[PDB]
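Colleague: Can you keep this structure in mind? I'll have questions shortly.
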Amino acid sequence: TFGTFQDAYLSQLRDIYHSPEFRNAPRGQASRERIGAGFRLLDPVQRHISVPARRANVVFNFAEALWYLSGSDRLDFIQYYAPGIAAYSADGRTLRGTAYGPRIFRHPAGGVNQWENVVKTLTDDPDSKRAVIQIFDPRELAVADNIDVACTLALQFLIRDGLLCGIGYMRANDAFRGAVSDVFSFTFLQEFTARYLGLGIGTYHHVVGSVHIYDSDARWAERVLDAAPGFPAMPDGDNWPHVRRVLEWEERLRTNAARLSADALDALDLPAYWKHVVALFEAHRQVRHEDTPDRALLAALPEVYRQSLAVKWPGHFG
Amino acid sequence: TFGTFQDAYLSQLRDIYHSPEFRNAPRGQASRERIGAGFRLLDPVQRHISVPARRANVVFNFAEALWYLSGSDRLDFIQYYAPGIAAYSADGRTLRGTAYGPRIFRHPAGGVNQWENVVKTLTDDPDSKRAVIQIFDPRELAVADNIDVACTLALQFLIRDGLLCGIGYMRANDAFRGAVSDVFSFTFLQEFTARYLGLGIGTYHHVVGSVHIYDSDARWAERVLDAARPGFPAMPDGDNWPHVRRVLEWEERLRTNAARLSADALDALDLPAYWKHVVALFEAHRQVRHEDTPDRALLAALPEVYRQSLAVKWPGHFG
Ligand SMILES: Nc1nc(=O)n([C@@H]2O[C@H](COP(=O)(O)O)[C@@H](O)[C@H]2O)cc1CO
Ligand SMILES: Nc1nc(=O)n([C@@H]2O[C@H](COP(=O)(O)O)[C@@H](O)[C@H]2O)cc1CO
């Protein structure tokens, strides 16, 4: 049990690095591995990694989470934030097991909106043990040479003592890279669902069949291990309308069809929390489309976001 | 980490009974509960509970595991061994989320045989992290007033250092009743698959979202904790499918009382000893359920673990 994700993250990293149960190479990828590893987070909202050596990218974090909420399988959206992700796209325009959006909101086994069913289930029976969103699909193993098989099995939500608790079940997780965005996204969905239901946030449990550090990340992992402000709360109630507007801005900014000044960002008809997210996308637009870094944009952000930007793009925001 | 399932079972039962995290009533069923609970078993073949006050039923345990291997959703098969399982059947004919057989061998999503796909995946890439059998299905929550939603999410197998390791992921598990048969069946599947692949048996990991004791079982759970050996036999090496097919033939004939076998007939069956003993369990159960003469010579030839289970479960017949 840990207070924040960062504590759990570093502890797990040091477990796998120092005492791997196995060294092997699934699909030719040499790794240090532990089996059946998990942890419990007391404050899932504190979901960010702030160790400068890790250079955690809060823009990608929100982008992935919102990509999931959009229900999209499209590569163009997500690869703009994570260029290496195209390696998992067979067709060069969609992602398959990597795209959790369709798994949540239109699962290929029946075309089911599981999020809605979870909400209904917990509304009809608050104590329910059945409120599960399945991610993995039985057909992913049926075809050979599949380059993108879902590594998350399911996400479960439970209301306990008036608080929404979350559990992520994974068959496999990159403990150094992927875990950072996976735990961010799962706890983001947990918080989002809690606000929708009018509940407080409980604990988050993470459990994984194979947790591993790829040997190709060993140097960077070592640098993070040698190294050594609060994440803001999402506003109460139904955030879908705000998410819809944020997604409109995301696309306009990503395609460089529009740009927002510090004053224009503050003028947006959005809660402060979501204004800052759009601000992250404007900052990312400045990077990607080589536009002038706005220091006034930077100064208005929550400190956690300022730090992430300054460390990730020090030439722009340092 | 525990050596045997009994050690893990008793430790967990004590945790939930005496130190529950929550008290609630999902679907109106008052319970003591802990969230995010699991264990590791170093010796998954030792999968049985022998505490007399628990009255663990080894015949049901094998019947459930074989019911799964048969790929069947039929109620008639399984309710013969566990009459109370009828409560989860909406049609009096089949089970839905309780029936893991079809989920494994012809999953609702595509009709996929996931066991075959797991074996192929591990054959092509021994180190694979992908060898998962999905159990749960997204349509189960879309069924209005569903009385039988799968509580197992998935089973995963990994080949590590020449051993097959197993992981059972469940959204919910009854710590008193269900856990006994679930861990039996999952470790049975694990062993069966290891033998088929020519591997030794690795660790078994059990991971559960909600682990609970129902208040209706509190008195019995207390008797077990207040009350608190011989080894469980190993399944033969190699491909056991042919033996399983033969055992399922005998299972059907004995259950329907369409056949019966004496102790000497059982001993002379053309099966490995391990599987002969399982057929004998079914013959013993037939004697009980169809009111035939108990064969004490049958009882005497069984492994001690099975003798004990029969003696405690049916003391009037085998005590
Ligand atoms: N969300 C994810 N988390 C992750 O940790 N991964 C990583 O990508 C790997 C996919 O390779 P396998 O299908 O061989 O497990 C996982 O083992 C895991 O290390 C991938 C995704 C999907 O992009
Ligand atoms: N294999 C099983 N193990 C189990 O432990 N169960 C128990 O049956 C309950 C089913 O009710 P829910 O769908 O409300 O979780 C589970 O919570 C669990 O307590 C049921 C089955 C299938 O009949």
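Starting from 1 in every chain, residues are counted up; chains themselves are A, B, ... following the order of the structure tokens, and ligands are numbered from 1 as listed.
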Using only C-alpha atoms, select each residue of chain B with any atom at most 7 Å away from an atom of chain A, and give the selection as a list in words.
Modeller: residues 24, 25, 26, 27, 36, 109, 110, 112, 114, 117, 125, 127, 128, 129, 134, 138, 139, 141, 142, 171, 172, 205 and 210 of chain B
Colleague: Grab the residues selected above and save them as a PDB file, in the first residue's frame with N, CA and C atoms.
Modeller:
```
ATOM      1  N   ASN B  24     -21.458  -5.331   3.858  1.00  0.00           N
ATOM      2  CA  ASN B  24     -22.436  -4.833   2.888  1.00  0.00           C
ATOM      3  C   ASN B  24     -23.319  -5.966   2.359  1.00  0.00           C
ATOM      4  N   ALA B  25     -24.146  -5.682   1.356  1.00  0.00           N
ATOM      5  CA  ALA B  25     -25.112  -6.659   0.865  1.00  0.00           C
ATOM      6  C   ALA B  25     -25.339  -6.525  -0.638  1.00  0.00           C
ATOM      7  N   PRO B  26     -24.355  -6.962  -1.444  1.00  0.00           N
ATOM      8  CA  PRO B  26     -24.553  -6.958  -2.891  1.00  0.00           C
ATOM      9  C   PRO B  26     -25.719  -7.862  -3.276  1.00  0.00           C
ATOM     10  N   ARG B  27     -26.624  -7.341  -4.101  1.00  0.00           N
ATOM     11  CA  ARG B  27     -27.832  -8.059  -4.505  1.00  0.00           C
ATOM     12  C   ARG B  27     -28.606  -8.610  -3.295  1.00  0.00           C
ATOM     13  N   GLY B  36      -9.347  -6.558  -3.012  1.00  0.00           N
ATOM     14  CA  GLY B  36      -7.997  -6.727  -3.546  1.00  0.00           C
ATOM     15  C   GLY B  36      -7.201  -7.740  -2.747  1.00  0.00           C
ATOM     16  N   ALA B 109     -17.797 -14.718 -27.595  1.00  0.00           N
ATOM     17  CA  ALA B 109     -17.119 -13.865 -28.566  1.00  0.00           C
ATOM     18  C   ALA B 109     -16.397 -14.698 -29.626  1.00  0.00           C
ATOM     19  N   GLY B 110     -17.087 -14.949 -30.737  1.00  0.00           N
ATOM     20  CA  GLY B 110     -16.512 -15.648 -31.882  1.00  0.00           C
ATOM     21  C   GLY B 110     -16.541 -17.170 -31.864  1.00  0.00           C
ATOM     22  N   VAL B 112     -14.560 -18.985 -30.026  1.00  0.00           N
ATOM     23  CA  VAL B 112     -13.137 -19.316 -30.040  1.00  0.00           C
ATOM     24  C   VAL B 112     -12.788 -20.382 -28.998  1.00  0.00           C
ATOM     25  N   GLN B 114     -10.153 -21.089 -26.786  1.00  0.00           N
ATOM     26  CA  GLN B 114      -9.036 -20.345 -26.223  1.00  0.00           C
ATOM     27  C   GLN B 114      -7.958 -21.251 -25.657  1.00  0.00           C
ATOM     28  N   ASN B 117      -5.789 -22.028 -28.510  1.00  0.00           N
ATOM     29  CA  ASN B 117      -5.011 -20.834 -28.856  1.00  0.00           C
ATOM     30  C   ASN B 117      -3.902 -20.535 -27.852  1.00  0.00           C
ATOM     31  N   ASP B 125       5.804 -19.176 -28.889  1.00  0.00           N
ATOM     32  CA  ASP B 125       6.590 -18.261 -28.068  1.00  0.00           C
ATOM     33  C   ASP B 125       6.505 -18.684 -26.606  1.00  0.00           C
ATOM     34  N   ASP B 127       8.037 -17.825 -23.963  1.00  0.00           N
ATOM     35  CA  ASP B 127       8.084 -16.732 -22.985  1.00  0.00           C
ATOM     36  C   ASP B 127       6.823 -15.843 -22.984  1.00  0.00           C
ATOM     37  N   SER B 128       5.817 -16.189 -23.790  1.00  0.00           N
ATOM     38  CA  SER B 128       4.680 -15.294 -24.043  1.00  0.00           C
ATOM     39  C   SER B 128       3.982 -14.780 -22.789  1.00  0.00           C
ATOM     40  N   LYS B 129       3.626 -13.499 -22.835  1.00  0.00           N
ATOM     41  CA  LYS B 129       2.785 -12.862 -21.825  1.00  0.00           C
ATOM     42  C   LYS B 129       1.326 -12.785 -22.268  1.00  0.00           C
ATOM     43  N   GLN B 134      -9.844 -15.713 -21.555  1.00  0.00           N
ATOM     44  CA  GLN B 134     -10.889 -14.797 -21.102  1.00  0.00           C
ATOM     45  C   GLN B 134     -12.151 -15.572 -20.726  1.00  0.00           C
ATOM     46  N   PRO B 138     -18.643  -9.040 -22.161  1.00  0.00           N
ATOM     47  CA  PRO B 138     -19.280  -7.721 -21.994  1.00  0.00           C
ATOM     48  C   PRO B 138     -20.814  -7.691 -22.061  1.00  0.00           C
ATOM     49  N   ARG B 139     -21.437  -8.730 -22.604  1.00  0.00           N
ATOM     50  CA  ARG B 139     -22.897  -8.753 -22.735  1.00  0.00           C
ATOM     51  C   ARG B 139     -23.614  -9.182 -21.464  1.00  0.00           C
ATOM     52  N   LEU B 141     -23.648  -7.985 -18.406  1.00  0.00           N
ATOM     53  CA  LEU B 141     -24.277  -6.861 -17.692  1.00  0.00           C
ATOM     54  C   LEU B 141     -25.461  -6.259 -18.446  1.00  0.00           C
ATOM     55  N   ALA B 142     -25.559  -6.554 -19.741  1.00  0.00           N
ATOM     56  CA  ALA B 142     -26.666  -6.082 -20.575  1.00  0.00           C
ATOM     57  C   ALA B 142     -27.920  -6.954 -20.441  1.00  0.00           C
ATOM     58  N   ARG B 171     -13.286 -11.126 -10.362  1.00  0.00           N
ATOM     59  CA  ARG B 171     -13.894  -9.889  -9.853  1.00  0.00           C
ATOM     60  C   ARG B 171     -14.456 -10.095  -8.447  1.00  0.00           C
ATOM     61  N   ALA B 172     -14.801 -11.337  -8.122  1.00  0.00           N
ATOM     62  CA  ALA B 172     -15.444 -11.665  -6.856  1.00  0.00           C
ATOM     63  C   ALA B 172     -15.235 -13.136  -6.553  1.00  0.00           C
ATOM     64  N   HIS B 205      -1.177 -18.272  -8.863  1.00  0.00           N
ATOM     65  CA  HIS B 205      -1.522 -16.984  -8.252  1.00  0.00           C
ATOM     66  C   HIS B 205      -3.027 -16.767  -8.328  1.00  0.00           C
ATOM     67  N   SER B 210     -13.302  -8.649  -4.996  1.00  0.00           N
ATOM     68  CA  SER B 210     -14.058  -8.782  -3.752  1.00  0.00           C
ATOM     69  C   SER B 210     -14.009 -10.212  -3.222  1.00  0.00           C
TER      70      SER B 210
END
```
Colleague: Please give me, as a PyMOL selection string, the residues lying within 9 Å of ligand 2 when counting only C-alpha atoms and all ligand atoms.
Modeller: (chain A and resi 128-130) or (chain B and resi 26-27+29+85+88+95-100+146-152+170-182+210-214)
Colleague: Please run DSSP on the backbone and report, as a short mmCIF file (atom, residue, chain, number, x, y, z; two decimals) with N, CA, C and O atoms, in the first residue's frame, all residues within region 86-263 of chain B that come out as helix (DSSP H, G or I).
Modeller:
```cif
data_model
loop_
_atom_site.label_atom_id
_atom_site.label_comp_id
_atom_site.auth_asym_id
_atom_site.auth_seq_id
_atom_site.Cartn_x
_atom_site.Cartn_y
_atom_site.Cartn_z
N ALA B 86 -28.55 -25.16 -8.96
CA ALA B 86 -29.78 -24.89 -9.70
C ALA B 86 -30.31 -23.46 -9.50
O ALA B 86 -31.02 -22.94 -10.35
N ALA B 87 -29.95 -22.85 -8.38
CA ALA B 87 -30.36 -21.48 -8.06
C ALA B 87 -29.84 -20.46 -9.08
O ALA B 87 -30.39 -19.36 -9.20
N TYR B 88 -28.78 -20.82 -9.80
CA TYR B 88 -28.16 -19.94 -10.79
C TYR B 88 -28.62 -20.22 -12.22
O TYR B 88 -28.13 -19.58 -13.14
N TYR B 100 -18.01 -22.29 -17.02
CA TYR B 100 -16.75 -21.84 -17.62
C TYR B 100 -16.36 -22.68 -18.83
O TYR B 100 -15.54 -22.25 -19.64
N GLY B 101 -16.93 -23.88 -18.98
CA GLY B 101 -16.60 -24.77 -20.09
C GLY B 101 -16.70 -24.11 -21.46
O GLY B 101 -15.72 -24.08 -22.21
N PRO B 102 -17.88 -23.58 -21.80
CA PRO B 102 -18.03 -22.86 -23.08
C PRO B 102 -17.15 -21.62 -23.18
O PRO B 102 -16.68 -21.30 -24.27
N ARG B 103 -16.94 -20.92 -22.07
CA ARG B 103 -16.08 -19.74 -22.07
C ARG B 103 -14.66 -20.12 -22.48
O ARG B 103 -14.01 -19.38 -23.22
N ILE B 104 -14.19 -21.27 -22.02
CA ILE B 104 -12.84 -21.73 -22.34
C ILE B 104 -12.75 -22.21 -23.80
O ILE B 104 -11.85 -21.80 -24.54
N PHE B 105 -13.67 -23.08 -24.19
CA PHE B 105 -13.52 -23.86 -25.43
C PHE B 105 -14.36 -23.39 -26.61
O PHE B 105 -14.12 -23.81 -27.74
N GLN B 114 -10.15 -21.09 -26.79
CA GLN B 114 -9.04 -20.34 -26.22
C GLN B 114 -7.96 -21.25 -25.66
O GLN B 114 -6.78 -20.89 -25.66
N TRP B 115 -8.35 -22.43 -25.18
CA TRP B 115 -7.36 -23.39 -24.69
C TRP B 115 -6.40 -23.77 -25.82
O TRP B 115 -5.18 -23.74 -25.64
N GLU B 116 -6.95 -24.10 -26.98
CA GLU B 116 -6.11 -24.42 -28.15
C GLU B 116 -5.23 -23.23 -28.53
O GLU B 116 -4.05 -23.41 -28.84
N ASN B 117 -5.79 -22.03 -28.51
CA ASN B 117 -5.01 -20.83 -28.86
C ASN B 117 -3.90 -20.53 -27.85
O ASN B 117 -2.83 -20.07 -28.24
N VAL B 118 -4.15 -20.81 -26.57
CA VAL B 118 -3.11 -20.67 -25.54
C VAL B 118 -1.96 -21.65 -25.77
O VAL B 118 -0.79 -21.26 -25.71
N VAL B 119 -2.29 -22.91 -26.04
CA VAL B 119 -1.27 -23.92 -26.32
C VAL B 119 -0.42 -23.55 -27.53
O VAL B 119 0.81 -23.69 -27.50
N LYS B 120 -1.06 -23.07 -28.59
CA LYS B 120 -0.34 -22.65 -29.79
C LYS B 120 0.53 -21.44 -29.52
O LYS B 120 1.65 -21.35 -30.02
N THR B 121 0.01 -20.50 -28.73
CA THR B 121 0.73 -19.28 -28.41
C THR B 121 2.02 -19.61 -27.64
O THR B 121 3.09 -19.08 -27.95
N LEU B 122 1.90 -20.50 -26.66
CA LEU B 122 3.03 -20.91 -25.83
C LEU B 122 4.01 -21.83 -26.55
O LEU B 122 5.20 -21.87 -26.22
N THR B 123 3.52 -22.58 -27.54
CA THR B 123 4.38 -23.42 -28.36
C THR B 123 5.25 -22.55 -29.27
O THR B 123 6.46 -22.77 -29.38
N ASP B 124 4.64 -21.54 -29.90
CA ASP B 124 5.35 -20.62 -30.80
C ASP B 124 6.25 -19.63 -30.06
O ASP B 124 7.31 -19.27 -30.56
N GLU B 140 -22.88 -9.72 -20.49
CA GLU B 140 -23.52 -10.26 -19.29
C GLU B 140 -24.23 -9.18 -18.47
O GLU B 140 -25.28 -9.45 -17.90
N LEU B 141 -23.65 -7.99 -18.41
CA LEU B 141 -24.28 -6.86 -17.69
C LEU B 141 -25.46 -6.26 -18.45
O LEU B 141 -26.26 -5.52 -17.86
N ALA B 142 -25.56 -6.55 -19.74
CA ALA B 142 -26.67 -6.08 -20.58
C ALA B 142 -27.92 -6.95 -20.44
O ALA B 142 -28.98 -6.59 -20.95
N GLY B 178 -17.11 -21.05 -2.71
CA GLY B 178 -16.64 -20.99 -4.09
C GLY B 178 -15.14 -21.14 -4.27
O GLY B 178 -14.69 -21.86 -5.17
N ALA B 179 -14.37 -20.48 -3.41
CA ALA B 179 -12.92 -20.53 -3.48
C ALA B 179 -12.38 -21.97 -3.47
O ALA B 179 -11.38 -22.26 -4.13
N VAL B 180 -13.03 -22.85 -2.72
CA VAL B 180 -12.60 -24.24 -2.62
C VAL B 180 -12.63 -24.91 -4.00
O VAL B 180 -11.64 -25.49 -4.45
N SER B 181 -13.76 -24.79 -4.69
CA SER B 181 -13.89 -25.41 -6.00
C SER B 181 -13.19 -24.62 -7.11
O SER B 181 -12.65 -25.22 -8.04
N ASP B 182 -13.17 -23.29 -7.01
CA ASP B 182 -12.52 -22.48 -8.04
C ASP B 182 -11.02 -22.74 -8.08
O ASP B 182 -10.46 -22.98 -9.15
N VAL B 183 -10.37 -22.74 -6.92
CA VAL B 183 -8.93 -22.98 -6.88
C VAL B 183 -8.64 -24.43 -7.29
O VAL B 183 -7.68 -24.69 -8.01
N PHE B 184 -9.48 -25.36 -6.86
CA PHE B 184 -9.34 -26.75 -7.31
C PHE B 184 -9.34 -26.81 -8.83
O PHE B 184 -8.44 -27.38 -9.45
N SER B 185 -10.37 -26.23 -9.44
CA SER B 185 -10.56 -26.31 -10.89
C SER B 185 -9.47 -25.58 -11.67
O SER B 185 -9.02 -26.09 -12.69
N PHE B 186 -9.06 -24.40 -11.21
CA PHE B 186 -8.05 -23.64 -11.93
C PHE B 186 -6.68 -24.31 -11.85
O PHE B 186 -5.97 -24.38 -12.85
N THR B 187 -6.32 -24.83 -10.68
CA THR B 187 -5.05 -25.56 -10.54
C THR B 187 -5.10 -26.91 -11.26
O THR B 187 -4.08 -27.42 -11.69
N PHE B 188 -6.29 -27.49 -11.36
CA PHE B 188 -6.48 -28.71 -12.15
C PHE B 188 -6.23 -28.41 -13.63
O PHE B 188 -5.50 -29.15 -14.29
N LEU B 189 -6.82 -27.33 -14.13
CA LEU B 189 -6.59 -26.91 -15.50
C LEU B 189 -5.10 -26.64 -15.72
O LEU B 189 -4.53 -27.07 -16.72
N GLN B 190 -4.49 -25.94 -14.78
CA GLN B 190 -3.06 -25.65 -14.84
C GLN B 190 -2.23 -26.93 -14.95
O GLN B 190 -1.38 -27.04 -15.83
N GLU B 191 -2.49 -27.89 -14.07
CA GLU B 191 -1.74 -29.16 -14.10
C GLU B 191 -1.99 -29.90 -15.41
O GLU B 191 -1.05 -30.39 -16.04
N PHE B 192 -3.25 -29.98 -15.82
CA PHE B 192 -3.63 -30.66 -17.05
C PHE B 192 -2.88 -30.09 -18.26
O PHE B 192 -2.35 -30.83 -19.09
N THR B 193 -2.82 -28.76 -18.32
CA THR B 193 -2.15 -28.08 -19.42
C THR B 193 -0.63 -28.26 -19.34
O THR B 193 0.04 -28.40 -20.36
N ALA B 194 -0.08 -28.27 -18.13
CA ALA B 194 1.35 -28.51 -17.95
C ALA B 194 1.74 -29.91 -18.45
O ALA B 194 2.71 -30.05 -19.21
N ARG B 195 0.99 -30.92 -18.04
CA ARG B 195 1.23 -32.30 -18.50
C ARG B 195 1.19 -32.36 -20.03
O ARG B 195 2.09 -32.91 -20.67
N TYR B 196 0.14 -31.80 -20.61
CA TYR B 196 -0.02 -31.74 -22.07
C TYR B 196 1.20 -31.13 -22.75
O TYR B 196 1.65 -31.64 -23.78
N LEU B 197 1.73 -30.05 -22.17
CA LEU B 197 2.90 -29.35 -22.72
C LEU B 197 4.24 -29.99 -22.35
O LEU B 197 5.28 -29.55 -22.83
N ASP B 215 -22.98 -13.86 5.25
CA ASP B 215 -23.44 -14.01 6.64
C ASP B 215 -24.16 -15.35 6.84
O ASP B 215 -24.09 -15.94 7.92
N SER B 216 -24.83 -15.83 5.81
CA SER B 216 -25.51 -17.13 5.86
C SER B 216 -24.54 -18.31 6.06
O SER B 216 -24.97 -19.39 6.48
N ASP B 217 -23.26 -18.11 5.76
CA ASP B 217 -22.22 -19.14 5.97
C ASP B 217 -21.38 -18.90 7.23
O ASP B 217 -20.44 -19.66 7.50
N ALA B 218 -21.70 -17.86 8.00
CA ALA B 218 -20.88 -17.47 9.15
C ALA B 218 -20.72 -18.58 10.18
O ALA B 218 -19.62 -18.78 10.70
N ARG B 219 -21.80 -19.29 10.48
CA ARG B 219 -21.76 -20.37 11.48
C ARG B 219 -20.84 -21.50 11.03
O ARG B 219 -20.02 -22.00 11.81
N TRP B 220 -20.96 -21.89 9.77
CA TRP B 220 -20.14 -22.96 9.20
C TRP B 220 -18.67 -22.53 9.11
O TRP B 220 -17.77 -23.29 9.46
N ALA B 221 -18.44 -21.30 8.65
CA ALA B 221 -17.08 -20.77 8.59
C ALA B 221 -16.43 -20.79 9.97
O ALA B 221 -15.26 -21.14 10.12
N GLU B 222 -17.21 -20.42 10.99
CA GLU B 222 -16.71 -20.43 12.37
C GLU B 222 -16.33 -21.84 12.81
O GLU B 222 -15.28 -22.03 13.42
N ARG B 223 -17.17 -22.82 12.50
CA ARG B 223 -16.87 -24.23 12.81
C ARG B 223 -15.55 -24.67 12.17
O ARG B 223 -14.79 -25.41 12.78
N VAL B 224 -15.30 -24.22 10.94
CA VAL B 224 -14.06 -24.57 10.24
C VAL B 224 -12.84 -23.91 10.90
O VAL B 224 -11.81 -24.56 11.10
N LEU B 225 -12.96 -22.63 11.24
CA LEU B 225 -11.88 -21.91 11.90
C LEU B 225 -11.60 -22.44 13.32
O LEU B 225 -10.46 -22.41 13.77
N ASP B 226 -12.63 -22.93 14.00
CA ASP B 226 -12.48 -23.52 15.34
C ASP B 226 -11.84 -24.91 15.30
O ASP B 226 -11.08 -25.28 16.19
N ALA B 227 -12.16 -25.69 14.26
CA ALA B 227 -11.58 -27.03 14.09
C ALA B 227 -10.10 -26.96 13.76
O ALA B 227 -9.31 -27.77 14.24
N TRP B 241 -6.11 -35.82 -22.64
CA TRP B 241 -7.41 -35.69 -23.30
C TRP B 241 -8.10 -37.04 -23.56
O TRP B 241 -9.29 -37.18 -23.30
N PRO B 242 -7.35 -38.04 -24.07
CA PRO B 242 -8.00 -39.34 -24.30
C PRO B 242 -8.58 -39.96 -23.02
O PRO B 242 -9.66 -40.54 -23.05
N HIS B 243 -7.86 -39.81 -21.91
CA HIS B 243 -8.33 -40.33 -20.63
C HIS B 243 -9.56 -39.55 -20.16
O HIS B 243 -10.53 -40.13 -19.70
N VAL B 244 -9.50 -38.23 -20.31
CA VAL B 244 -10.62 -37.35 -19.96
C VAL B 244 -11.88 -37.73 -20.75
O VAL B 244 -12.96 -37.80 -20.18
N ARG B 245 -11.73 -37.99 -22.04
CA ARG B 245 -12.87 -38.39 -22.87
C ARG B 245 -13.48 -39.70 -22.36
O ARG B 245 -14.70 -39.84 -22.30
N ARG B 246 -12.63 -40.65 -21.96
CA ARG B 246 -13.10 -41.92 -21.42
C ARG B 246 -13.77 -41.74 -20.05
O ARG B 246 -14.80 -42.35 -19.77
N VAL B 247 -13.18 -40.91 -19.20
CA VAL B 247 -13.74 -40.60 -17.89
C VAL B 247 -15.10 -39.89 -18.01
O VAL B 247 -16.01 -40.14 -17.22
N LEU B 248 -15.25 -39.02 -19.01
CA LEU B 248 -16.52 -38.33 -19.24
C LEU B 248 -17.61 -39.28 -19.72
O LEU B 248 -18.79 -39.12 -19.39
N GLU B 249 -17.23 -40.29 -20.50
CA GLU B 249 -18.16 -41.35 -20.88
C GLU B 249 -18.66 -42.06 -19.62
O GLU B 249 -19.87 -42.23 -19.45
N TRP B 250 -17.75 -42.46 -18.75
CA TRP B 250 -18.14 -43.13 -17.50
C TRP B 250 -18.95 -42.20 -16.60
O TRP B 250 -19.95 -42.61 -16.00
N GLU B 251 -18.54 -40.93 -16.52
CA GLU B 251 -19.27 -39.94 -15.73
C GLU B 251 -20.74 -39.93 -16.12
O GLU B 251 -21.61 -39.99 -15.25
N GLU B 252 -21.01 -39.87 -17.42
CA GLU B 252 -22.39 -39.76 -17.90
C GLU B 252 -23.20 -41.01 -17.56
O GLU B 252 -24.34 -40.91 -17.10
N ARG B 253 -22.62 -42.18 -17.79
CA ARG B 253 -23.33 -43.44 -17.57
C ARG B 253 -23.60 -43.68 -16.09
O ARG B 253 -24.67 -44.15 -15.72
N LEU B 254 -22.62 -43.36 -15.25
CA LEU B 254 -22.79 -43.54 -13.81
C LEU B 254 -23.81 -42.54 -13.24
O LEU B 254 -24.71 -42.93 -12.49
N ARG B 255 -23.71 -41.27 -13.63
CA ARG B 255 -24.64 -40.24 -13.16
C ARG B 255 -26.09 -40.55 -13.50
O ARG B 255 -26.98 -40.32 -12.67
N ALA B 263 -15.86 -52.81 -7.34
CA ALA B 263 -14.47 -52.49 -7.02
C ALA B 263 -13.49 -53.18 -7.98
O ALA B 263 -12.57 -52.55 -8.50
#
```
Colleague: What is the distance between CA of residue 313 (chain A) and CA of residue 243 (chain A), in Å to one decimal?
Modeller: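 About the pair CA of residue 313 (chain A) and CA of residue 243 (chain A): they are 25.7 Å apart.
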Colleague: Which residues are near region 67-71 of chain A? Cut-off 12 Å, only C-alpha atoms, ignore same chain within fewer than 2 positions. Put them as a VMD selection string.
Modeller: chain A and resid 59 to 65 73 to 81 95 98 to 107 111 to 115 135 181 to 182 185 to 186 188 to 190 192 to 193 239 to 248 250 to 251
Colleague: CA of residue 130 (chain B) to atom 18 (C, counted along the ligand's line) of ligand 1: how many Å, to one decimal?
Modeller: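 It comes out at 10.1 Å.
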Colleague: Between CA of residue 137 (chain B) and CA of residue 16 (chain B), what is the distance in Å, rounded to a tenth?
Modeller: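 Separation between CA of residue 137 (chain B) and CA of residue 16 (chain B): 28.4 Å.
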